[PDB]
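Shown next: data09.pdb, containing PDB, C-alpha atoms (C1' of nucleotides) and all ligand atoms.
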```pdb
ATOM      1  CA  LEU E  53       0.000   0.000   0.000  1.00  0.00           C
ATOM      2  CA  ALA E  54       2.905   2.359   0.705  1.00  0.00           C
ATOM      3  CA  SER E  55       4.129   1.945  -2.875  1.00  0.00           C
ATOM      4  CA  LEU E  56       0.724   2.820  -4.338  1.00  0.00           C
ATOM      5  CA  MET E  57       0.489   6.087  -2.403  1.00  0.00           C
ATOM      6  CA  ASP E  58       4.094   7.025  -3.198  1.00  0.00           C
ATOM      7  CA  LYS E  59       3.495   6.592  -6.933  1.00  0.00           C
ATOM      8  CA  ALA E  60       0.373   8.764  -6.787  1.00  0.00           C
ATOM      9  CA  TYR E  61       2.229  11.639  -5.122  1.00  0.00           C
ATOM     10  CA  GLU E  62       5.134  11.327  -7.566  1.00  0.00           C
ATOM     11  CA  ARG E  63       2.655  11.666 -10.446  1.00  0.00           C
ATOM     12  CA  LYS E  64       0.691  14.415  -8.642  1.00  0.00           C
ATOM     13  CA  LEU E  65      -2.422  12.236  -8.722  1.00  0.00           C
ATOM     14  CA  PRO E  66      -5.123  12.104  -6.029  1.00  0.00           C
ATOM     15  CA  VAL E  67      -5.093   9.324  -3.444  1.00  0.00           C
ATOM     16  CA  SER E  68      -8.249   7.557  -2.314  1.00  0.00           C
ATOM     17  CA  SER E  69      -9.683   7.920   1.171  1.00  0.00           C
ATOM     18  CA  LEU E  70     -10.083   4.137   1.217  1.00  0.00           C
ATOM     19  CA  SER E  71      -6.346   3.795   0.578  1.00  0.00           C
ATOM     20  CA  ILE E  72      -5.294   5.816   3.628  1.00  0.00           C
ATOM     21  CA  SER E  73      -8.043   4.044   5.575  1.00  0.00           C
ATOM     22  CA  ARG E  74      -6.572   0.634   4.745  1.00  0.00           C
ATOM     23  CA  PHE E  75      -3.122   1.776   5.873  1.00  0.00           C
ATOM     24  CA  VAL E  76      -4.223   2.908   9.339  1.00  0.00           C
ATOM     25  CA  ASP E  77      -6.364  -0.210   9.752  1.00  0.00           C
ATOM     26  CA  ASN E  78      -3.462  -2.589   9.038  1.00  0.00           C
ATOM     27  CA  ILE E  79      -0.965  -1.049  11.475  1.00  0.00           C
ATOM     28  CA  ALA E  80       0.710  -3.948  13.282  1.00  0.00           C
ATOM     29  CA  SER E  81       3.679  -2.461  15.169  1.00  0.00           C
ATOM     30  CA  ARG E  82       5.016   0.638  16.891  1.00  0.00           C
ATOM     31  CA  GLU E  83       7.284   1.310  13.909  1.00  0.00           C
ATOM     32  CA  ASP E  84       4.300   1.105  11.553  1.00  0.00           C
ATOM     33  CA  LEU E  85       2.746   4.065  13.378  1.00  0.00           C
ATOM     34  CA  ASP E  86       5.710   6.250  12.420  1.00  0.00           C
ATOM     35  CA  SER E  87       5.237   5.390   8.745  1.00  0.00           C
ATOM     36  CA  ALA E  88       1.475   5.920   8.979  1.00  0.00           C
ATOM     37  CA  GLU E  89       2.057   9.324  10.570  1.00  0.00           C
ATOM     38  CA  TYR E  90       4.074  10.325   7.503  1.00  0.00           C
ATOM     39  CA  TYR E  91       1.295   9.181   5.168  1.00  0.00           C
ATOM     40  CA  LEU E  92      -1.384  10.972   7.187  1.00  0.00           C
ATOM     41  CA  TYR E  93       0.709  14.110   6.706  1.00  0.00           C
ATOM     42  CA  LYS E  94       0.931  13.454   2.964  1.00  0.00           C
ATOM     43  CA  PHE E  95      -2.823  12.864   2.730  1.00  0.00           C
ATOM     44  CA  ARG E  96      -3.551  16.159   4.490  1.00  0.00           C
ATOM     45  CA  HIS E  97      -1.430  17.938   1.858  1.00  0.00           C
ATOM     46  CA  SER E  98      -3.185  16.272  -1.083  1.00  0.00           C
ATOM     47  CA  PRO E  99      -6.255  17.072  -3.200  1.00  0.00           C
ATOM     48  CA  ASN E 100      -8.509  14.705  -1.206  1.00  0.00           C
ATOM     49  CA  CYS E 101      -7.607  15.960   2.273  1.00  0.00           C
ATOM     50  CA  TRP E 102     -11.240  16.820   3.021  1.00  0.00           C
ATOM     51  CA  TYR E 103     -12.338  13.196   2.514  1.00  0.00           C
ATOM     52  CA  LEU E 104     -10.479  11.744   5.510  1.00  0.00           C
TER      53      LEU E 104
ATOM     54  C1'   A J   1       0.568  11.145 -28.502  1.00  0.00           C
ATOM     55  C1'   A J   2      -4.204  12.177 -26.071  1.00  0.00           C
ATOM     56  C1'   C J   3      -4.868   7.877 -20.653  1.00  0.00           C
ATOM     57  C1'   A J   4      -6.456   7.438 -16.177  1.00  0.00           C
ATOM     58  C1'   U J   5      -7.168   9.020 -10.780  1.00  0.00           C
ATOM     59  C1'   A J   6     -11.040  10.070  -8.004  1.00  0.00           C
ATOM     60  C1'   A J   7     -16.057  10.942  -6.344  1.00  0.00           C
ATOM     61  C1'   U J   8     -21.014  11.074   1.478  1.00  0.00           C
ATOM     62  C1'   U J   9     -17.786  19.448   0.331  1.00  0.00           C
ATOM     63  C1'   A J  10     -15.392  18.070  -4.568  1.00  0.00           C
ATOM     64  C1'   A J  11     -11.426  18.004  -7.544  1.00  0.00           C
ATOM     65  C1'   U J  12      -6.718  16.457  -9.531  1.00  0.00           C
ATOM     66  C1'   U J  13      -3.717  14.926 -13.724  1.00  0.00           C
ATOM     67  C1'   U J  14      -4.240  14.804 -18.869  1.00  0.00           C
ATOM     68  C1'   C J  15      -4.960  18.892 -22.539  1.00  0.00           C
ATOM     69  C1'   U J  16       1.619  15.285 -26.349  1.00  0.00           C
ATOM     70  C1'   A J  17       6.117  14.967 -28.783  1.00  0.00           C
ATOM     71  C1'   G J  18       8.461  14.991 -33.044  1.00  0.00           C
ATOM     72  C1'   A J  19      10.240  18.296 -37.686  1.00  0.00           C
ATOM     73  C1'   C J  20      11.981  22.440 -40.585  1.00  0.00           C
ATOM     74  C1'   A J  21      17.942  20.960 -41.120  1.00  0.00           C
ATOM     75  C1'   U J  22      16.933  24.471 -45.810  1.00  0.00           C
ATOM     76  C1'   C J  23      16.082  24.535 -50.928  1.00  0.00           C
ATOM     77  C1'   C J  24      16.168  23.675 -55.961  1.00  0.00           C
ATOM     78  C1'   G J  25      16.205  27.626 -58.780  1.00  0.00           C
ATOM     79  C1'   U J  26      15.744  33.171 -59.123  1.00  0.00           C
ATOM     80  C1'   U J  27      17.115  38.373 -59.760  1.00  0.00           C
ATOM     81  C1'   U J  28      20.993  42.905 -59.297  1.00  0.00           C
ATOM     82  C1'   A J  29      25.885  44.238 -59.909  1.00  0.00           C
ATOM     83  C1'   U J  30      31.588  44.437 -59.941  1.00  0.00           C
ATOM     84  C1'   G J  31      33.018  43.389 -66.165  1.00  0.00           C
ATOM     85  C1'   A J  32      38.586  40.849 -68.933  1.00  0.00           C
ATOM     86  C1'   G J  33      37.262  41.408 -74.030  1.00  0.00           C
ATOM     87  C1'   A J  34      34.702  43.832 -78.522  1.00  0.00           C
ATOM     88  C1'   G J  35      31.899  47.044 -80.850  1.00  0.00           C
ATOM     89  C1'   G J  36      27.942  50.876 -81.506  1.00  0.00           C
ATOM     90  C1'   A J  37      26.005  55.962 -81.319  1.00  0.00           C
ATOM     91  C1'   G J  38      27.525  61.024 -79.929  1.00  0.00           C
ATOM     92  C1'   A J  39      30.477  65.518 -78.287  1.00  0.00           C
ATOM     93  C1'   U J  40      34.677  68.848 -79.244  1.00  0.00           C
ATOM     94  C1'   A J  41      36.235  70.643 -85.064  1.00  0.00           C
ATOM     95  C1'   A J  42      40.316  72.188 -88.389  1.00  0.00           C
ATOM     96  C1'   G J  43      41.999  68.007 -91.495  1.00  0.00           C
ATOM     97  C1'   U J  44      41.709  63.617 -95.816  1.00  0.00           C
ATOM     98  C1'   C J  45      41.363  62.939-101.583  1.00  0.00           C
ATOM     99  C1'   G J  46      37.450  62.582-104.148  1.00  0.00           C
ATOM    100  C1'   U J  47      32.613  64.335-105.905  1.00  0.00           C
ATOM    101  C1'   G J  48      27.239  65.404-115.880  1.00  0.00           C
ATOM    102  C1'   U J  49      25.191  57.613-116.139  1.00  0.00           C
ATOM    103  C1'   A J  50      17.489  61.074-113.876  1.00  0.00           C
ATOM    104  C1'   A J  51      16.227  59.925-108.570  1.00  0.00           C
ATOM    105  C1'   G J  52      14.322  56.743-105.155  1.00  0.00           C
ATOM    106  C1'   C J  53      12.351  51.654-103.136  1.00  0.00           C
ATOM    107  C1'   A J  54      13.216  46.203-102.376  1.00  0.00           C
ATOM    108  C1'   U J  55      16.898  42.615-103.239  1.00  0.00           C
ATOM    109  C1'   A J  56      21.544  40.289-104.988  1.00  0.00           C
ATOM    110  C1'   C J  57      26.624  40.405-106.276  1.00  0.00           C
ATOM    111  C1'   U J  58      31.088  43.459-106.404  1.00  0.00           C
ATOM    112  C1'   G J  59      33.223  47.444-104.160  1.00  0.00           C
ATOM    113  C1'   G J  60      38.644  48.562 -98.285  1.00  0.00           C
ATOM    114  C1'   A J  61      33.505  50.155 -98.960  1.00  0.00           C
ATOM    115  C1'   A J  62      30.250  57.687-100.777  1.00  0.00           C
ATOM    116  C1'   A J  63      29.802  53.432-104.704  1.00  0.00           C
ATOM    117  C1'   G J  64      29.120  50.277-109.452  1.00  0.00           C
ATOM    118  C1'   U J  65      26.057  46.522-111.872  1.00  0.00           C
ATOM    119  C1'   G J  66      21.866  43.098-112.562  1.00  0.00           C
ATOM    120  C1'   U J  67      16.156  42.305-111.768  1.00  0.00           C
ATOM    121  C1'   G J  68      11.237  44.232-110.837  1.00  0.00           C
ATOM    122  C1'   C J  69       8.527  48.437-108.961  1.00  0.00           C
ATOM    123  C1'   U J  70       7.420  53.893-108.148  1.00  0.00           C
ATOM    124  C1'   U J  71       7.358  59.518-110.144  1.00  0.00           C
ATOM    125  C1'   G J  72       8.459  62.202-105.175  1.00  0.00           C
ATOM    126  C1'   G J  73      12.238  63.291-113.076  1.00  0.00           C
ATOM    127  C1'   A J  74      12.191  64.876-118.156  1.00  0.00           C
ATOM    128  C1'   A J  75       9.354  63.681-122.482  1.00  0.00           C
ATOM    129  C1'   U J  76       5.040  66.180-129.189  1.00  0.00           C
TER     130        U J  76
HETATM  131 MG    MG E 201      19.386  49.429-103.606  1.00  0.00          MG
END
```
Take the structure from the file and write it as structure tokens.
Amino acid sequence: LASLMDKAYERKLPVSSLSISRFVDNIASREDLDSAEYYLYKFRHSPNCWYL
RNA sequence: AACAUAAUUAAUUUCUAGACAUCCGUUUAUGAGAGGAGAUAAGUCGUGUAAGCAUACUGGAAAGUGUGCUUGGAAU
């Protein structure tokens, strides 16, 4: 899932709310939270920030 | 070459990139060389076979001669 979101931001393409939702849902470790925090930041600064 | 992302406010991206690199041809002029027509004006030796037109030959090249035509000659 990380790869999909990274490609979208590289191409300046919108990311789905379901995509970020799946990431937070599948957090399995303390380290995973740190990565999810970065992607929540990226989602906020994206075209579909309102749809969180 | 022109897709796709997204979508419980709605928007984003796309909305291309190659290829003119340059002609064939075209006009103006520099102009070796060779004439033509003028300007300045004294030379040159010539100059009565009616004249002219067209044409041919011969004239160091005004002319002469042939052939037809014309009177813009003469002719009781
Ligand atoms: Mg003659």
Ligand MG 201 (chain E): which residues are within 10 Å, counting all atoms listed in the file? Reply as an MDAnalysis selection string.
chainID J and resid 52:56
As a check of understanding, name the residues that the PyMOL selection byres (((chain J and resi 8) around 12) and not hetatm) selects in the supplied structure, as a PDB file with C-alpha atoms (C1' of nucleotides), in the frame of the given file.
```pdb
ATOM      1  CA  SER E  69      -9.683   7.920   1.171  1.00  0.00           C
ATOM      2  CA  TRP E 102     -11.240  16.820   3.021  1.00  0.00           C
ATOM      3  CA  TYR E 103     -12.338  13.196   2.514  1.00  0.00           C
ATOM      4  CA  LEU E 104     -10.479  11.744   5.510  1.00  0.00           C
TER       5      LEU E 104
ATOM      6  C1'   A J   7     -16.057  10.942  -6.344  1.00  0.00           C
ATOM      7  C1'   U J   9     -17.786  19.448   0.331  1.00  0.00           C
ATOM      8  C1'   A J  10     -15.392  18.070  -4.568  1.00  0.00           C
TER       9        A J  10
END
```
Contacts of residue 67 (chain E) at 7 Å or less, counting all atoms listed in the file, minus same-chain residues fewer than 5 places along, as number ranges by chain?
E: 57, 60, 100
Between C1' of residue 16 (chain J) and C1' of residue 3 (chain J), distance in Å (one decimal)
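Here the two named atoms are 11.4 Å from each other.
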For chain J, the closest of E:97, E:74, E:82, E:64 counting only C-alpha atoms (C1' of nucleotides) is E:64
Hey, what comes out of the PyMOL selection byres ((chain E and not hetatm) within 7 of (chain J)) on this file? Could you write it as a VMD selection string?
chain E and resid 64 to 66 68 99
What is the distance between CA of residue 59 (chain E) and CA of residue 72 (chain E), in Å to one decimal?
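CA of residue 59 (chain E) sits 13.8 Å away from CA of residue 72 (chain E).
CA of residue 63 (chain E) sits 28.5 Å away from CA of residue 80 (chain E).
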Output as lines of an AutoDock Vina configuration file the centre and edge lengths (Å, one decimal) of the box along x, y and z of the file that holds every listed atom of region 65-83 of chain E after adding 5 Å on each side.
```
center_x = -1.4
center_y = 4.1
center_z = 4.1
size_x = 27.4
size_y = 26.2
size_z = 35.6
```
Which protein, DNA or RNA residues have an atom at most 12 Å from (8.0, 10.3, 4.4), counting all atoms listed in the file? List them as a VMD selection string.
chain E and resid 54 to 55 57 to 58 61 86 to 95
Within-10 Å shell of (8.7, 61.1, -109.5) in input frame, all atoms listed in the file, as an NGL selection string:
:J and (50-52 or 70-73)
Selection dump of the PyMOL selection byres (((chain J and resi 17) around 12) and not hetatm), as a PDB file with C-alpha atoms (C1' of nucleotides), in the coordinates of the input:
```
ATOM      1  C1'   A J   1       0.568  11.145 -28.502  1.00  0.00           C
ATOM      2  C1'   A J   2      -4.204  12.177 -26.071  1.00  0.00           C
ATOM      3  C1'   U J  16       1.619  15.285 -26.349  1.00  0.00           C
ATOM      4  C1'   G J  18       8.461  14.991 -33.044  1.00  0.00           C
ATOM      5  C1'   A J  19      10.240  18.296 -37.686  1.00  0.00           C
TER       6        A J  19
END
```
